[PDB]
file data.cif (mmCIF, C-alpha atoms)
data_run
#
loop_
_atom_site.label_atom_id
_atom_site.label_comp_id
_atom_site.auth_asym_id
_atom_site.auth_seq_id
_atom_site.Cartn_x
_atom_site.Cartn_y
_atom_site.Cartn_z
CA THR A 101 -8.50 5.81 -20.28
CA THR A 102 -5.48 5.37 -18.04
CA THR A 103 -2.53 7.70 -17.50
CA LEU A 104 0.93 6.33 -18.33
CA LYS A 105 4.39 7.11 -16.93
CA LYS A 106 3.44 9.83 -14.47
CA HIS A 107 4.82 10.40 -10.98
CA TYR A 108 1.98 11.38 -8.67
CA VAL A 109 2.90 13.10 -5.40
CA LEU A 110 0.63 12.53 -2.42
CA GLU A 111 -0.15 15.82 -0.70
CA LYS A 112 -2.42 16.62 2.25
CA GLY A 113 -6.04 16.73 1.12
CA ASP A 114 -5.57 14.22 -1.71
CA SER A 115 -7.79 11.20 -1.22
CA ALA A 116 -8.01 9.36 -4.55
CA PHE A 117 -5.78 8.06 -7.34
CA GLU A 118 -7.44 6.22 -10.22
CA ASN A 119 -6.71 4.67 -13.63
CA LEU A 120 -2.94 4.56 -13.44
CA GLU A 121 -0.63 2.35 -15.49
CA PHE A 122 3.19 2.26 -15.21
CA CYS A 123 2.94 5.19 -12.80
CA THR A 124 4.35 5.95 -9.37
CA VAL A 125 2.67 7.45 -6.32
CA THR A 126 4.83 8.77 -3.45
CA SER A 127 4.40 11.03 -0.38
CA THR A 128 5.43 14.70 -0.64
CA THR A 129 8.58 15.76 1.19
CA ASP A 130 7.04 19.23 1.65
CA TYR A 131 4.45 20.38 4.21
CA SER A 132 5.35 17.19 6.06
CA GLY A 133 4.29 16.50 9.63
CA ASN A 134 1.07 18.50 9.50
CA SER A 135 -1.82 16.03 9.69
CA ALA A 136 -5.61 15.97 9.82
CA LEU A 137 -7.32 13.98 12.57
CA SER A 138 -9.19 11.66 10.21
CA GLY A 139 -8.69 10.77 6.58
CA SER A 140 -9.07 8.18 3.88
CA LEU A 141 -7.07 7.32 0.72
CA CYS A 142 -8.41 5.30 -2.17
CA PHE A 143 -6.58 3.74 -5.15
CA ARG A 144 -8.61 2.18 -7.94
CA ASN A 145 -7.64 0.54 -11.28
CA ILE A 146 -3.88 0.40 -10.81
CA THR A 147 -1.72 -1.58 -13.22
CA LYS A 148 2.04 -2.05 -13.11
CA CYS A 149 2.60 0.82 -10.69
CA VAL A 150 4.77 1.59 -7.73
CA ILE A 151 2.82 2.91 -4.77
CA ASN A 152 5.30 4.04 -2.13
CA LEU A 153 3.80 6.09 0.68
CA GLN A 154 6.28 6.58 3.50
CA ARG A 155 4.17 9.42 4.93
CA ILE A 156 0.42 9.57 5.45
CA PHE A 157 -1.11 12.98 6.21
CA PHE A 158 -3.98 11.91 8.43
CA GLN A 159 -3.68 10.46 11.95
CA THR A 160 -6.61 8.01 11.84
CA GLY A 161 -8.62 6.42 9.05
CA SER A 162 -8.02 4.13 6.12
CA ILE A 163 -6.23 3.32 2.88
CA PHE A 164 -8.19 1.35 0.30
CA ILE A 165 -6.65 -0.24 -2.80
CA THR A 166 -9.05 -1.86 -5.28
CA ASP A 167 -8.46 -3.49 -8.69
CA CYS A 168 -4.69 -3.48 -8.68
CA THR A 169 -2.44 -5.71 -10.79
CA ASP A 170 1.30 -6.45 -11.09
CA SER A 171 2.17 -3.61 -8.75
CA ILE A 172 4.45 -2.76 -5.86
CA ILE A 173 2.76 -1.47 -2.72
CA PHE A 174 4.83 0.09 0.06
CA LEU A 175 2.90 1.72 2.90
CA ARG A 176 4.00 3.26 6.16
CA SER A 177 0.85 3.48 8.25
CA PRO A 178 0.29 5.91 11.18
CA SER A 179 0.60 4.72 14.80
CA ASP A 180 -3.20 4.59 15.20
CA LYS A 181 -3.87 1.12 16.59
CA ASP A 182 -7.15 1.01 14.73
CA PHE A 183 -5.77 2.20 11.38
CA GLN A 184 -7.26 0.29 8.45
CA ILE A 185 -5.69 -1.01 5.22
CA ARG A 186 -8.17 -2.77 2.97
CA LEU A 187 -7.02 -4.54 -0.18
CA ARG A 188 -9.52 -5.78 -2.79
CA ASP A 189 -8.97 -7.50 -6.16
CA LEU A 190 -5.17 -7.41 -6.04
CA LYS A 191 -3.24 -9.74 -8.34
CA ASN A 192 0.51 -10.44 -8.36
CA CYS A 193 1.52 -7.56 -6.10
CA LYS A 194 4.54 -7.26 -3.82
CA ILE A 195 3.68 -5.59 -0.53
CA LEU A 196 5.66 -3.89 2.23
CA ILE A 197 3.44 -2.55 4.95
CA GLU A 198 5.13 -1.12 8.02
CA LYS A 199 3.59 0.82 10.85
CA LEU A 200 5.15 4.05 12.15
CA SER A 201 4.53 3.23 15.82
CA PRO A 202 6.29 3.48 19.21
CA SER A 203 3.93 0.79 20.61
CA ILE A 204 5.44 -2.39 22.07
CA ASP A 205 3.55 -5.09 20.22
CA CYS A 206 2.60 -2.94 17.28
CA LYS A 207 0.28 -4.68 14.82
CA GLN A 208 -1.19 -3.48 11.53
CA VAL A 209 -4.37 -5.19 10.40
CA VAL A 210 -4.61 -5.77 6.66
CA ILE A 211 -8.02 -6.71 5.25
CA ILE A 212 -7.85 -8.58 1.96
CA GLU A 213 -10.68 -9.52 -0.40
CA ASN A 214 -10.38 -11.55 -3.61
CA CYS A 215 -6.61 -11.20 -3.79
CA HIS A 216 -4.36 -13.62 -5.70
CA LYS A 217 -0.61 -14.26 -5.71
CA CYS A 218 0.09 -11.36 -3.36
CA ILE A 219 3.54 -11.38 -1.75
CA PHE A 220 3.96 -9.76 1.68
CA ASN A 221 7.60 -9.10 2.57
CA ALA A 222 8.72 -11.69 5.12
CA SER A 223 10.24 -8.93 7.27
CA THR A 224 6.70 -7.76 8.10
CA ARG A 225 5.35 -11.16 9.21
CA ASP A 226 5.44 -10.55 12.96
CA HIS A 227 3.79 -7.14 12.62
CA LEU A 228 0.85 -7.80 10.30
CA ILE A 229 -2.49 -9.44 10.93
CA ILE A 230 -3.88 -10.50 7.56
CA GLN A 231 -7.60 -11.22 7.55
CA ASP A 232 -9.17 -12.61 4.40
CA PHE A 233 -12.72 -11.26 4.12
CA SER A 234 -13.33 -12.66 0.61
CA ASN A 235 -16.05 -15.03 1.78
CA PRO A 236 -16.63 -14.20 5.47
CA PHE A 237 -18.42 -16.71 7.74
CA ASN A 245 -4.58 -20.24 0.44
CA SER A 246 -2.79 -18.94 -2.64
CA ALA A 247 -4.29 -15.55 -1.88
CA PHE A 248 -1.02 -14.49 -0.30
CA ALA A 249 2.36 -15.64 0.96
CA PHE A 250 5.18 -14.13 3.00
CA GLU A 251 8.43 -14.11 1.02
CA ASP A 252 11.71 -12.22 0.99
CA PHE A 253 12.27 -9.74 -1.82
CA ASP A 254 14.61 -6.82 -2.37
CA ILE A 255 12.98 -3.62 -1.11
CA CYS A 256 15.65 -1.62 -2.99
CA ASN A 257 16.10 0.79 -0.08
CA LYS A 258 12.48 1.87 -0.70
CA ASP A 259 13.72 3.82 -3.72
CA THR A 260 10.62 4.20 -5.86
CA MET A 261 12.31 4.19 -9.28
CA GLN A 262 14.62 1.32 -8.32
CA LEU A 263 11.49 -0.71 -7.45
CA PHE A 264 10.01 0.42 -10.75
CA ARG A 265 13.03 -0.95 -12.65
CA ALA A 266 13.36 -4.10 -10.55
CA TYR A 267 9.80 -5.37 -10.69
CA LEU A 268 7.91 -3.71 -13.54
#

call {"tool": "encode", "arguments": {"input": "data.cif", "output": "structure tokens"}}
result
Amino acid sequence: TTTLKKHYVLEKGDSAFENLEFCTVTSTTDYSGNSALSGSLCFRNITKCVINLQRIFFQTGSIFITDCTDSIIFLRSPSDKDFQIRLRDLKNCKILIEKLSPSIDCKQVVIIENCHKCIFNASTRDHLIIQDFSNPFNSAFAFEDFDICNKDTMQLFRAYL
């Protein structure tokens, strides 16, 4: 069973969102700023959703997205140089990953595994390091321009879903 047409609001303490279809997930505007030292977020079985997290409520840790199709993924990762974003079994997703960092040559590593036809926004090219760990020692991803719709979650919903 999946849940349809629900807006999920990320709050501190939440760590998992699963079995979503034509849903949205966004960061809460309330209790903002307060963060835990370490955390982890996991998304699993996501279809035709908009994930738009402009605020993460842990300083260090990871975001995992697994089994995700035809979705929009906007993430604003913490400044933590070692922050992890691991993407597995993504198909036909548009991705905007930015890092909230005052660092000069700020880079966000993105680990991908078994992804296909993923589009990373071209604006993020110089800031991401994509490492394909599918079969560790081409059409997995590409960098293209697309309208980010002012990062308005429902506009993205209407534009791409």

call {"tool": "atom_distance", "arguments": {"input": "data.cif", "atom1": "atom CA of residue 195 of chain A", "atom2": "atom CA of residue 132 of chain A"}}
result
23.8 Å

call {"tool": "atom_distance", "arguments": {"input": "data.cif", "atom1": "atom CA of residue 172 of chain A", "atom2": "atom CA of residue 201 of chain A"}}
result
22.5 Å

call {"tool": "resolve_selection", "arguments": {"input": "data.cif", "expression": "the PyMOL selection byres ((chain A and resi 138) around 8)", "output": "count of residues only"}}
result
8

call {"tool": "closest_residue", "arguments": {"input": "data.cif", "among": "A:104, A:187, A:230, A:109", "to": "residue 153 of chain A", "atoms": "all atoms listed in the file"}}
result
A:109

call {"tool": "residues_around", "arguments": {"input": "data.cif", "residues": "residue 163 of chain A", "least_positions_apart": "5", "cutoff": "12 Å", "atoms": "all atoms listed in the file", "output": "ChimeraX atom specification"}}
result
/A:114-117,138-144,151,153,156-158,173-178,183-188,197,209-211

call {"tool": "residues_near_point", "arguments": {"input": "data.cif", "point": "(5.7, 6.2, -2.8)", "cutoff": "7 Å", "atoms": "all atoms listed in the file", "output": "list in words"}}
result
residues 124, 125, 126, 127, 150, 151, 152, 153, 154, 174 and 260 of chain A

call {"tool": "resolve_selection", "arguments": {"input": "data.cif", "expression": "the PyMOL selection byres ((chain A and resi 121) around 9)", "output": "JSON, numbers by chain"}}
result
{"A": [102, 103, 104, 105, 106, 119, 120, 122, 123, 124, 145, 146, 147, 148, 149]}

call {"tool": "atom_distance", "arguments": {"input": "data.cif", "atom1": "atom CA of residue 196 of chain A", "atom2": "atom CA of residue 236 of chain A"}}
result
24.8 Å

call {"tool": "resolve_selection", "arguments": {"input": "data.cif", "expression": "the PyMOL selection byres ((chain A and resi 221) around 12)", "output": "ChimeraX atom specification"}}
result
/A:172-175,193-198,218-220,222-228,248-255

call {"tool": "closest_residue", "arguments": {"input": "data.cif", "among": "A:231, A:171, A:257, A:179", "to": "residue 217 of chain A", "atoms": "all atoms listed in the file"}}
result
A:171
